[PDB]
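Working notes, structure below.
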Ligand SMILES: C[C@H]1O[C@H](O[C@H]2[C@H](O)[C@@H](O)[C@@H](O[C@H]3[C@H](O)[C@@H](O)[C@@H](O)O[C@@H]3CO)O[C@@H]2CO)[C@H](O)[C@@H](O)[C@@H]1N[C@H]1C=C(CO)[C@@H](O)[C@H](O)[C@H]1O
Ligand SMILES: C[C@H]1O[C@H](O[C@H]2[C@H](O)[C@@H](O)[C@@H](O[C@H]3[C@H](O)[C@@H](O)[C@@H](O)O[C@@H]3CO)O[C@@H]2CO)[C@H](O)[C@@H](O)[C@@H]1N[C@H]1C=C(CO)[C@@H](O)[C@H](O)[C@H]1O
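As structure tokens, this is what we get:
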């Protein structure tokens, strides 16, 4: 009713939406649509108009003033200029005097020119007038989003343990590597529930093996780790290594489960294991075959997975590789200097994630051959769907921890997202923050960034400020790239400081989980821009470095080096809370308005809204040990918090026992 | 100045950074601990509250704690927070806390500042060779310590007045049409401007000290076509002298042994824009004078300023590097077994650029003894600008020339300014350009700016405007853009009157800004100051990093977040919030000491006036020579006094009672 679906050409069915919406028949309600060059929507914006959405895209909460292209790209350098990151989330809302939401249900490259060309002009275009546009209406932007959240289906719900802290590093390889990490944390009493395993745990980077030489009995090691409440979260890449004898490879080939070239042969793309093949994620059968392979690890005790390189990322195809070796040929023999080293360098770079490669292989969809570039942004989506759907067969009642890098809307039902290869820059603390709400609008609630920065060298302080933001993000893990400064918490001085920050995560767990469960089950938001909560405050709607969490709190982390505080705007009176390093909790009332607050490196800050309160537990070293019984209530006297909780393992969501009102 | 003990280690190369002879102190080192096991290392444990200023043009913020900085002039077009080395080497730092003192490491080689990077409480300055002078500057506070240092390094370079105008630039402008188009585009729209820069294209095949003969049949006249319009062309000069027979500059450098040379006596070859080039031996006096004198060519044609580029010096690849690369390309090409990953190929291409190894392959002839370049690496750009400067004074001693350089070392500030190089059209770079200001001032470099709009990548309308609004206050205010970037000339955007509004604020402030720069340079004082220097005992002010004091009257606080309509500020004393309005009016508002949010729209230029002060504001003019300083509105507080310095802005006659006049509100 307050949602209509306008249809152009013959759209590919993305299965993005779970709710049926009939094809409206009147005139498109806003702006203009054109077909002189492919397809274009053009809209003129009110000078005060704010644009939200685009989920995991570059820049800030208000998208006005730059260009975003949905075109899932493996790009390790997230600088302000980049137009396409990992995600393809074609949902925007124009909010102002004239407010409306738009979802562009489209598989391929979609360019959102949001004021970049002309300031007052919003122009969303793509090569093909074959798509569905969904127009949503409501009073405010929050209401437009909650409607969207309805029609795309309930977001993924992770197991309770995933609301713990997780340690990860590209490099962990042996039982020793892993033990010294468990050692490092448990011996210094720093809580943690997860350690991630990156590609070095496989045999020759073969999907669905383990290095038999390093884990002669992987299952027992898993049980040894799990005994200390450490759950090993293995990675899975998109490419299956080409290698005779390799079971997963032989099957893929024999049953035509792989993407093929225009000639029927299996397309080769090179990744970690060298030459690989990509499972045909768009083909229902291949998807059940791929998903089922997760049993290999589940049967061994594994309760979580992360999907990577699933744009899919291509270092080089056999086609590109020959072009390059060949060019290098003329370079090597160049006497006249007709071939500059810059160009040789340019070719090496162009064979990576080549657009030419993305038209070299095809998907087989219920018998229809479709070229990959045409459906490019669905690949990661469906790889994560394969896992999810396979999960539900293996054990319909159990929750598995699951996240992916690349995604498209609809994938939000089967798994969360991590924000990819960030760097150890202070600006990336803010980027982590700004992306949260957008992702929530698009259904992705279980998200977080690599704390302390994936790439490059971190410092003791960058890490602590990153963690302090992580405290509030459902996914909280410290991750680091190959050969960077070691950034485990125990790899610094005065380690107790890190204990302090993590401790705060582990006291806030029952609240954060609660607020998560309530949001997901209600097709609602976990993180909200201040604009959603105080739509009348023309000051609040412009704030981009503070977020509302649930209905009880606001967060505002420090993201500047050497700072000892930061400016905040409070659209209402709140109590200002800091989790102190001695184990106590500072509390101060602060009137609405502007304020500079003092927040030391080893203190964690949050605000509690007027007439509200939240439960806080004692610090425990793992999710299982948190005493949920006698929690302290912080906030406003006479207020009440409805606390959700369940076994945090199965999907028994609708019990009256799951709710329990607390009054301060 | 015997409040500046100097400590000697080894047999230091003389950088000529100081103009003041300081004797070699004789006691143990006044602070921390010195070690000499595997080179040289100063190690100091800092107090928790200590702040660290300095390092001029270096990465990150005002307070330098919490990272690692390396003096090693490097051509790096990507200015991300992780970078440890950019273009300049300004080895001056100051520890500001319970124990305040200042340090200058006079060392021309790779010098590492580990400022609380490894251990948070640990400052460690180390290098390979113990061949260095270390100046310890004692004093009451940081500001004072900086004033001392400014005096032993000598008066800062002083630009002609026309350089406080606005300038337009692009790695693209090639023909008369292009330049005329910039002319017409600005003039027709009554947008103030004084300079148009000429990038490497005006040359004859990138040959230094030539001009394109087909492009510019009669250059002196075209230069005149522009000058009559109050537009001054500022051509670039590159470090590399193109290798080519018949090319006079090359023939002479070779004939007279003026180029840097391989170990074996051969003229070292480095590839740059022109192709193979030689580098003029900037550490050789005869060479330095020969190169400097070459500027006459352009000066005798009516040119009144220059910029020196690529002078780290930047190297695309050496002859040795190309060969090594082509031979690797071969192995890769014929490799049938996948022995050679494409990543290794790609890594080799990257390796040949600015290859530390090349910097080991050429020497400087310093009156007799040959010195391997890497041993004096941070000096190259400094002595190239020194070549140009000394030349100017031989060529015409009365007249001031516009001069600035990319690479630099303390001491170069006497001969020219610098721009902050290849930044990017990122909002974060507006702040980066802000934060570098104070630091560069502490090291003598006052004439500085950044590429407004962002050099690299594509800018937007709002980004360019917020950049200009900072640029209003930086002595170098220049719009420059990379090859193939979106056009960022002010006339290439809708509602052009918002660019005329903003750049009006500049020309209206020019009388006062010029005044402060002149006063500051002649007094060995700073033009920009961190708030700590002015409000030493306000714990809140000593940590403000995104505001700056300018002279002794005003404070700046640029908007740097995209889509923001205001920003938070902290005021250490009562002040008049002022906005140059898009209508021409100047809004005024008193705000007390404390935190505030102030509305600054895109097309408004903000600034604050200190309690007890005021400033002159002229009416808008479209070029510097047309500005009317006779009757200027005074903006500020009642019964305050401003001393206006002014002169002909052309010659070098600075010490005269007639240059000053007291204005009273
Ligand atoms: C691990 C990471 O590797 C791949 O990306 C890397 C590039 O291939 C490298 O060339 C290198 O690029 C840097 C260059 O040296 C230089 O141009 C500099 O300016 O910066 C560049 C980027 O920092 O570094 C890249 C990233 O470190 C691949 O594209 C990327 O997606 C990979 N990340 C995934 C893989 C692993 C291992 O399974 C996980 O640890 C990550 O979390 C994944 O997201
Ligand atoms: C003009 C500029 O060119 C040289 O640097 C360029 C590189 O050679 C290119 O490879 C390219 O780098 C980009 C990467 O491919 C990409 O990874 C992305 O991250 O951005 C990189 C840089 O934006 O672009 C570079 C910049 O164009 C040279 O080393 C550099 O120092 C040059 N700058 C000076 C030269 C000119 C022309 O005479 C002047 O206009 C400038 O103002 C100078 O500062």
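Chains as they are written, first to last, in the authors' numbering: chain A, 0 to 663; chain B, -1 to 663. Don't be surprised by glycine CBs; every beta carbon is placed ideally from N, CA and C.
Practice task
Identify the continuous alpha helix (DSSP H) that holds residue 5 of chain A and give its terminal residues.
Solution key: First-last for residue 5 of chain A: 2 to 7, but that is the beta strand (DSSP E), not the alpha helix (DSSP H).
Exercise for the section: Give a yes or no on whether the C-beta atoms belonging to residue 26 of chain A and residue 5 of chain A are separated by under 7 Å. Expected result: no
Exercise for the section: Run the proximity test for residue 2 of chain A: is its beta-carbon closer than 6 Å to any non-hydrogen atom belonging to ligand 1? Expected result: no
Exercise for the section: Inspect the CB distances between the region 523 to 533 of chain A and the region 610 to 623 of chain A and report whether three or more fall short of 8 Å. Expected result: no
Handout entry: residue 125 of chain A in three-state terms, based on DSSP
Key = strand
Handout entry: Closest residue to residue 387 of chain A among A/413, A/541, A/374 and A/395 (Cα-Cα distance)
Key = A/413
Exercise for the section: Run down chain A in chain order and give the residues with a C-beta less than 7 Å from the C-beta of residue 64 of chain B. Expected result: 458, 460, 560 and 561
Handout entry: Any non-hydrogen atom of ligand 1 closer than 6 Å to residue 626 of chain A Cβ
Key = no
Handout entry: Residues of the region 312 to 323 of chain A whose Cβ lies closer than 8 Å to any Cβ of chain B, in chain order
Key = 314, 315, 320 and 323
Practice task
Just the chain B side, please: which residues come within less than 9 Å of residue 425 of chain A by C-beta, in chain order?
Solution key: 58 and 79
Practice task
Note down, in chain order, each residue of its chain lying with its Cβ closer than 6 Å to the Cβ of residue 501 of chain A, except the 5 sequence neighbours on either side.
Solution key: 164, 189 and 190
Practice task
Would you kindly work out how many angstroms separate the C-alpha atoms of residue 508 of chain B and residue 162 of chain B, rounded to a whole number?
Solution key: 7 Å
Problem - Per DSSP, cross-strand counterpart(s) of residue 66 of chain A - result: A/112
Exercise for the section: Return the residue from the list B/86, B/584 and B/567 that minimises the CA-CA distance to residue 539 of chain B. Expected result: B/567
Exercise for the section: Flag this pair as yes or no: are the beta carbons of residue 525 of chain B and residue 514 of chain B separated by less than 7 Å? Expected result: yes
Exercise for the section: Assign residue 197 of chain A to one of two classes, buried (16 or more other C-beta atoms within 10 Å of its C-beta) or exposed (fewer than that). Expected result: buried
Practice task
Look up residue 607 of chain B in the DSSP assignment and give the residues it is bridged to.
Solution key: B/552 and B/574
Exercise for the section: Measure the beta-carbon distance from residue 484 of chain A to residue 456 of chain A and round it to whole angstroms, keeping in mind my assumption that it falls under 8 Å. Expected result: 4 Å
Handout entry: Per-residue DSSP class, three states only, for residue 50 of chain B
Key = strand
Problem - Own chain, CB closer than 6 Å to residue 479 of chain A, minus 5 neighbours either side, in chain order - result: 168 and 486
Problem - Where the region 84 to 103 of chain B meets chain A: residues whose CB sits under 8 Å from a CB there - result: none
Practice task
Alpha carbon to alpha carbon, how far is residue 332 of chain B from residue 65 of chain B? Give it in angstroms, no decimals.
Solution key: 44 Å
Exercise for the section: Could you tell me whether the region 125 to 137 of chain A touches the region 36 to 46 of chain A, where touching means 3 or more Cβ pairs closer than 8 Å? Expected result: yes
Practice task
Using a Cβ cut-off of 8 Å, pull out every chain A residue sitting near residue 467 of chain B, in sequence order please.
Solution key: Result: empty, since nearest Cβ-Cβ is about 16 Å, beyond 8 Å.
Exercise for the section: Spell out whether any CB of chain A is found under 7 Å from the CB atom of residue 354 of chain B. Expected result: no
Problem - DSSP state of residue 417 of chain A mapped onto helix, strand, coil - result: strand
Exercise for the section: Note down, in chain order, all residues in the region 479 to 496 of chain A with a beta-carbon under 8 Å from any beta-carbon belonging to chain B. Expected result: 492
Problem - Helix, strand or coil at residue 667 of chain A [DSSP, three-state] - result: The structure shown does not extend to residue 667 of chain A, since chain A is modelled only from 0 to 663, so the question has no answer here.
Practice task
Tell me, please, which residues DSSP counts as bridged to residue 202 of chain B.
Solution key: B/205
Handout entry: Beta carbon of residue 132 of chain A nearer than 7 Å to that of residue 63 of chain A
Key = no
Practice task
Write down the C-beta distance between residue 418 of chain B and residue 444 of chain B rounded to the nearest angstrom, noting that I regard them as a contact closer than 8 Å.
Solution key: 14 Å between Cβ atoms; not a contact.
Exercise for the section: Check the C-beta distance from residue 75 of chain A over to residue 347 of chain B and give it rounded, since I have them as a contact under 8 Å. Expected result: Contact flag wrong, Cβ pair sits at about 18 Å.
Practice task
Pull out every residue of the region 138 to 157 of chain A whose Cβ sits closer than 9 Å to any Cβ of chain B, in chain order.
Solution key: none
Handout entry: Length-filtered (3 minimum) beta strand (DSSP E) runs lying within the region 361 to 410 of chain A
Key = 361 to 364, 367 to 370 and 400 to 403
Problem - residue 61 of chain A and residue 49 of chain A closer than 7 Å at C-beta - result: yes
Handout entry: Where residue 517 of chain B meets chain A, residues with beta-carbon distance less than 9 Å
Key = By Cβ distance, chain A contributes nothing, its closest Cβ being about 31 Å from residue 517 of chain B, past 9 Å.
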